[PDB]
Amino acid sequence: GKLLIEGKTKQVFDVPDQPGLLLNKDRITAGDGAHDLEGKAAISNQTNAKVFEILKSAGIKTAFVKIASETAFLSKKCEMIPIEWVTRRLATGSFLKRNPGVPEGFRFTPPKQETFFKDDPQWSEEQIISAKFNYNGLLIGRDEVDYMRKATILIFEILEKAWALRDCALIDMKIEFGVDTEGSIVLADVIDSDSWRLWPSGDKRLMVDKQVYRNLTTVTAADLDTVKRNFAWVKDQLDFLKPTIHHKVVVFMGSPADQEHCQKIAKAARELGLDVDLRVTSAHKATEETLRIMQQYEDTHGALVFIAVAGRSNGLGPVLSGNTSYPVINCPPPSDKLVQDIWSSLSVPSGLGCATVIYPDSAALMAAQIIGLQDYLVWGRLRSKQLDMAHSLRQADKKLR
Amino acid sequence: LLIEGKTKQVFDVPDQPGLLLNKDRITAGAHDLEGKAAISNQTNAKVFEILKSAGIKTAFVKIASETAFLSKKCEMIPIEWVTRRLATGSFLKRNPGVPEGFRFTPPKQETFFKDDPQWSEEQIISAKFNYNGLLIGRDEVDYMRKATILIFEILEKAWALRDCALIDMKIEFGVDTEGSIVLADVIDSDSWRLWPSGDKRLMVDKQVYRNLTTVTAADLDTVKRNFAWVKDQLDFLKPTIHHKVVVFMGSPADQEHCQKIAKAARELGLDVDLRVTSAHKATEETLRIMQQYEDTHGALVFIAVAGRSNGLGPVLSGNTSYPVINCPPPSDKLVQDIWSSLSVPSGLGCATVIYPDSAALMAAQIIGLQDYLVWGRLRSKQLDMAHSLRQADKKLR
């Protein structure tokens, strides 16, 4: 195809037969300013593809489609916003110079998020809005900037979580956005070892990112070798960042009439990425088999959450709660009588940890939030959903306004 | 004793355990002389009276002479706290592309160090400042940010009475002997940027002086007349607005409850009448009493207090066009009785509240639409409540 953007470290060519883009990474390392050559285009492409796979799986919207080759990938075509979106958890790097008196390692809670223009000075959100950027029919106002701030922090938080599985502190990051043909903002650049600052064991001294290359006043080929060896370690480490954690959410309904209600729970949880079993059993009509079924689920080494669905007077949830140590959530089905009956769920006898929820979606969310403590991906999807809902409100606000 | 400055001197006052600030007749944007210490001092004192009247905690006590005032002695935090409503001045230089007049909602608030480089809140925190035993942490910075915005908002509202747009401000904070942060130093025409009619051309602040490269005595005269005008306009900024809040109780038995309403509203600056009448047992006289209150040109809020089945509130509402609030007294039956207050017949604007403090607030929120000082105190109380929570949190933490 035809070239449409040239870059220090990458070229992006049109793909005219497939209505996108192809991004081709080059074997150069351009320490901000210094520039030398390497064998690193393959390392970056793989690092990148892996990250975008993690982010797609969380539900974040990206331009990334699939790897084309060992050095290139296919991207959805979109017009880039000329802002670098940067997130920090700690104070380090150029931030220390811009903010004298703040010591290295000062923790940003929530993560600090800053913006930078080309061509590369710092901009305020006000500056971005007054700049009146316009891409693919989408004019960038505070709503669009709000979304990108929130998205940037979120992507940092997800990856921060991922890297902690291999004992690495993600310290800061830079990403870039673009606007697709349909007017949607997508995460669109490249996230590799040039995009971030990584500390193993939270030890700055063990840094594995492109800061190693920046620190070099003089650059020998030997020096470049440790930087290639550093980036390869990171590309390798990413293969451990998407693990399959084992868990089961079991919904016990006291009667088969509660089916549609349970399927609403199931549908919600499965979309959050949960493994859900629907079971029918009564704590009144089949007391012994109820315990026997729950004991069978208790033969696991994975995580386990029970959801109790029982109309009228709910003894099922409290009886589970009394015989198991795994969390039990009560989700009575909808009913006119729920106003009277809910106290059979609440107000359990002393020493039972049964918790109560009133809507099927909210029960799946409780189960997700519990299991997300072990599966950063589920936890990612919960945060992504919050961003989705907030972004949808603005769409609605814009229509009634 | 002494503390020295460009525009002011602060001497100890040894007989009164607690400072005097003596204003100088100089203007240091570069530096010249005038007759303006008296203007500044008086400008300041009027500003501090208004903020004291809103409930803001200040070092300021009273005017001592024509050019001095008495202040509670306290150690200054070396930060200038700046609030802007509009984009202008050095902000434009620090944020290229943002046009003059860009509106900041909420008001933008930035901090500057005494050396004047800009600092972030992080820088202020990492500086580990310590005055009178008070180390300045994120909580203290939060308070000063929130108060600075609050103080700008109060003055913005006040200057709007004399048709002046307050565009930005600078204030300074200090720490008293008891470890409390007070709004201190001086607020005068050097402290702010004032535009009449929102017109940049008609500016009345020290910006006129700052823009001069060359400075004549005529130029100084126009600065004095501008500052004298501002001092003069400040006298119309604290006017007596007329309003009445009337509490009708259905029985003298509801006495403590109504007094709790009265007490709360009086703290917010409201004029309250407590009256006894029944909409059942004295229907015609109930109407008669509200028509007596309706002979005004001021604002009027009726609060109806009725136990059991409340016909009082809805009856007032059906017969008047002034806002009526229901505030039933506390009771076991309130869970049942409350629907007599809610669920009025169609065409009644009777609104309902359940706590006596909260009725007084509704009343004040309504009246504050016409009385910025009452409006001030509501915001000031929200600030008090939030700062109290942090103290309570620090003790249980």
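What follows draws every value from the coordinates through simple rules; no lab data is involved. When we count neighbours, we look across all protein chains shown, and the Cβ atoms used for this are built from the backbone with ideal geometry, even at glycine.
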Legend entry - B:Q109, sole failed condition from (1) farther than 23 Å from A:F117 by Cβ; (2) out of contact with any helix residue (DSSP H, G or I) (no Cβ under 7 Å at 6 or more places or on another chain); (3) not basic (K, R): (2)
Inset, instruction - Return yes when A:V145 is more than 10 Å from chain B (Cβ to nearest Cβ), crowded, with 17+ Cβ neighbours inside 10 Å and among the β-branched types (V, I, T) and no when it is not. - result: yes
Inset, instruction - Mind counting the residues in the range A:139-172 that are part of a helix (DSSP H, G or I) and either under 17 Å from A:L55 (Cα atoms) or among the acidic types (D, E) (or both)? - result: 22
Legend entry - Hey, A:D180 away from chain B (no Cβ under 14 Å), in contact with a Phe, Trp or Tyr (Cβ under 8 Å, 6 or more places away or on another chain), acidic (D, E) and surrounded by 16 or more Cβ atoms within 10 Å (Cβ to Cβ) or not: no
Legend entry - Among (1) surrounded by fewer than 15 Cβ atoms within 10 Å (Cβ to Cβ); (2) under 24 Å from B:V186 (Cβ atoms); (3) within 14 Å of chain A (Cβ to nearest Cβ); (4) not charged (D, E, K, R) - the single one B:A160 does not satisfy: (3)
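Can you tell me which residue is surrounded by the most Cβ atoms within 10 Å (Cβ to Cβ) among those in the range B:340-351 that are within 18 Å of B:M249 (Cα to Cα) and not aliphatic (A, V, I, L, M)?
Start the filter on the range B:340-351 by keeping residues that are within 18 Å of B:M249 (Cα to Cα), which leaves B:340-342, B:350-351.
Those still in the list that are not aliphatic (A, V, I, L, M) too: B:340-341, B:350.
Values: B:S340: 19, B:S341: 25, B:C350: 23.
Going through the qualifying residues, I end up with B:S341.
Does A:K264 satisfy the condition of being charged (D, E, K, R) and in contact with a helix residue (DSSP H, G or I) (Cβ under 6 Å, 6 or more places away or on another chain)? Full working, then the answer.
Details: charged (D, E, K, R): yes; in contact with a helix residue (DSSP H, G or I) (Cβ under 6 Å, 6 or more places away or on another chain): yes.
Yes: the conditions hold for A:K264.
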Legend entry - Odd one out for A:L241 among (1) surrounded by 13 or more Cβ atoms within 10 Å (Cβ to Cβ); (2) of a type in the set (A, V, I, L, M, F, W, C); (3) over 30 Å from A:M366 (Cβ atoms): (3)
Inset, instruction - Can you give me the number of residues within the range B:65-80 that are closer than 11 Å to B:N22 by Cβ and in contact with a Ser or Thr (Cβ under 9 Å, 6 or more places away or on another chain)? - result: 2
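Residues that are within 14 Å of another protein chain (Cβ to nearest Cβ) and within 22 Å of B:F152 (Cα to Cα), at least 1 per element: which strands (runs of 3 or more DSSP E) completely within the range B:19-138 meet that? Talk me through it step by step, then tell me what you get.
Details: elements: B:20-23, B:60-63, B:68-71, B:74-86, B:103-113.
Ranges flagged: B:74-86, B:103-113.
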Legend entry - Every residue from the range A:186-208 that is crowded, with 22+ Cβ neighbours inside 10 Å and in a strand (DSSP E or B): A:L187, A:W196, A:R197, A:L198
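Just to verify a result, which residue in the range A:28-65, among those that are closer than 17 Å to A:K242 by Cα and of a type in the set (K, R), is surrounded by the fewest Cβ atoms within 10 Å (Cβ to Cβ)? If you could, list the steps in order and put the result at the bottom.
At the first step, the residues of the range A:28-65 found to be closer than 17 Å to A:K242 by Cα are A:46-60.
Remaining after also requiring of a type in the set (K, R): A:50, A:56.
Values: A:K50: 21, A:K56: 14.
So, considering only residues that are closer than 17 Å to A:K242 by Cα and of a type in the set (K, R), the one surrounded by the fewest Cβ atoms within 10 Å (Cβ to Cβ) is A:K56.
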Legend entry - Hits in the range B:304-339 (condition: crowded, with 24+ Cβ neighbours inside 10 Å, polar (S, T, N, Q) and not in a loop (DSSP other than H, G, I, E, B)): B:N326
Legend entry - Breaking point among (1) out of contact with any strand residue (DSSP E or B) (no Cβ under 6 Å at 6 or more places or on another chain); (2) surrounded by 15 or more Cβ atoms within 10 Å (Cβ to Cβ), for B:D12: (2)
